[PDB]
Number of protein chains: 2
Amino acid sequence: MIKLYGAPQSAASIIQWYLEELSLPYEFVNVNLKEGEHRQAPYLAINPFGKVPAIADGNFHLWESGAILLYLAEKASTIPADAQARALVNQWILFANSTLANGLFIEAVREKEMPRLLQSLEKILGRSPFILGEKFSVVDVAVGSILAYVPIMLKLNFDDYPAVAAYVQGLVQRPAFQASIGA
Amino acid sequence: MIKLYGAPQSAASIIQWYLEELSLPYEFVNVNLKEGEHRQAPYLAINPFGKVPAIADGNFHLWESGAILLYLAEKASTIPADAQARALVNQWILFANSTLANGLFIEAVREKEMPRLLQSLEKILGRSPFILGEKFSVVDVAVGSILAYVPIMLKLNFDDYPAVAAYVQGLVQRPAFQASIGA
Ligand SMILES: N[C@@H](CCC(=O)N[C@@H](CS)C(=O)NCC(=O)O)C(=O)O
Ligand SMILES: N[C@@H](CCC(=O)N[C@@H](CS)C(=O)NCC(=O)O)C(=O)O
């Protein structure tokens, strides 16, 4: 089965949420970051950059939480997808991991970036229940996790963005979220 | 042909570098950031977050430099046709856009992050000419671009990482790099 390498307060929890949404079994392998287990040869053979999360699926190893989400989304796909459909999912995973995370969590750019990012998402989320439309997808796990860590880590809220706040509340109340990030 | 929306000193030159490597024509469209053209309705209809680069491939619109690089690579038939082969390229594009760019360019984490990132890249680049092995790929455009911007922006060099220095020097001399980022 999928082996997921993680640690507390890492993006491994985001992979755990998507694994809960897909109802896929997996092995959780804790990597002791406090004792530098991630900086030693066995873990460096899984991720040469010494970061969690990572997965092993047989002899296949994969790191970067975003690429793990896209990989799990592809393996669980029923209807074959083309380059454009994968590109729109990849666009949002890249966005969650760079533009969105940086704009919310980098103190020097937050005052400028964060209101703009939330204002743009407010328009999207005010027209559809989820990022890609009516149906929840891996994009909501990627963008939603970054947004949910805003109250958790920044002590900030989404009161000025009612549609963003309702979307984040809805994500937080999903049993798959409560069994993973919410635990 | 692809319409590429860019600006000087943006990641549009990275997309242009890859289009030149693929020998693909493109229509470059400048978005005047200094005059706020990226925050106007026509550009917001291409990228609702008002960032460059973005592409239009007929009626298909796509933003995030990383997703554009992955889409162009898929379209050009340079990645094998399976979820594992795509996940490995995705891993490197996400790494370039998040882990690598943050560790090199964010001052509060550079002291701890940069030597570890460069030491791991040095080991990889000491064993093969390019990140995936013998052949140049979109991974070299994504990772190599970030590395080439280290002297260009931070005034740092790779004197202590010989394989990284030689790799960057080789990338900067490629005709497609000179026709785009080097121009
Ligand atoms: N872009 C990466 C970031 C990974 C990352 O920053 N992981 C941290 C935990 S939050 C880590 O393993 N840090 C250990 C270290 O840098 O020594 C991802 O999304 O997977
Ligand atoms: N993660 C994005 C970053 C894009 C980005 O930050 N673009 C800048 C130019 S370097 C921009 O358009 N900034 C305009 C603004 O922030 O208003 C990507 O790689 O596409």
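Just the heavy atoms: all of them, side chains too, but no hydrogens, waters or symmetry mates, feed the values below. Below, chain A is the first sequence line, B the second, and so on; all start at residue 1. Numbering of ligands and ligand atoms starts at 1, following listing order.
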Discussion item. Tell me which pairs pass ring-ring contact (aromatic ring centres under 6.0 Å, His included) where either residue lies in residues 84-113 of chain B, with sequence neighbours left out.
Written reply: A:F49-B:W92, A:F49-B:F95, A:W63-B:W92, A:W63-B:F95, B:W92-B:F95
Discussion item. Would the distance check show the side chain of B:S145 and the main-chain N or O of B:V141 forming a donor-acceptor pair, the cut-off being under 3.5 Å?
Written reply: yes
Discussion item. Going by salt bridge (charged side-chain N to carboxylate O under 4.0 Å, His left out), name the pairs with one or both residues in residues 46-58 of chain A, residues two or more places apart or in two chains.
Written reply: A:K51-B:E113, A:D57-A:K75
Item to complete: Check whether the side chains of B:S128 and B:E134 place a donor and an acceptor atom closer than 3.5 Å, and report yes or no.
Response: no
Worksheet item: Considering residues at least two apart in sequence or located in another chain, which fulfil the salt bridge (charged side-chain N to carboxylate O under 4.0 Å, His left out) criterion with A:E37?
Response: none
Worksheet item: Atom NZ of A:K135 and atom CG of A:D140: how far apart are they, to the nearest 0.5 Å?
Response: 11.5 Å
Could you go through ligand 2 and note, for every N or O atom, any protein N or O atom closer than 3.5 angstrom, writing the atom names and distance to 0.1 Å, or 'none'?
residue	atom	partner	partner atom	Å
ligand 2	1 (N)	A:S98	OG	3.2
ligand 2	1 (N)	A:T99	OG1	2.9
ligand 2	1 (N)	B:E64	OE1	2.8
ligand 2	7 (N)	B:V52	O	2.9
ligand 2	12 (O)	B:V52	N	3.0
ligand 2	16 (O)	B:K51	NZ	2.7
ligand 2	17 (O)	A:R116	NH1	3.2
ligand 2	17 (O)	B:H38	NE2	2.9
ligand 2	19 (O)	B:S65	OG	2.6
ligand 2	20 (O)	B:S65	N	2.9

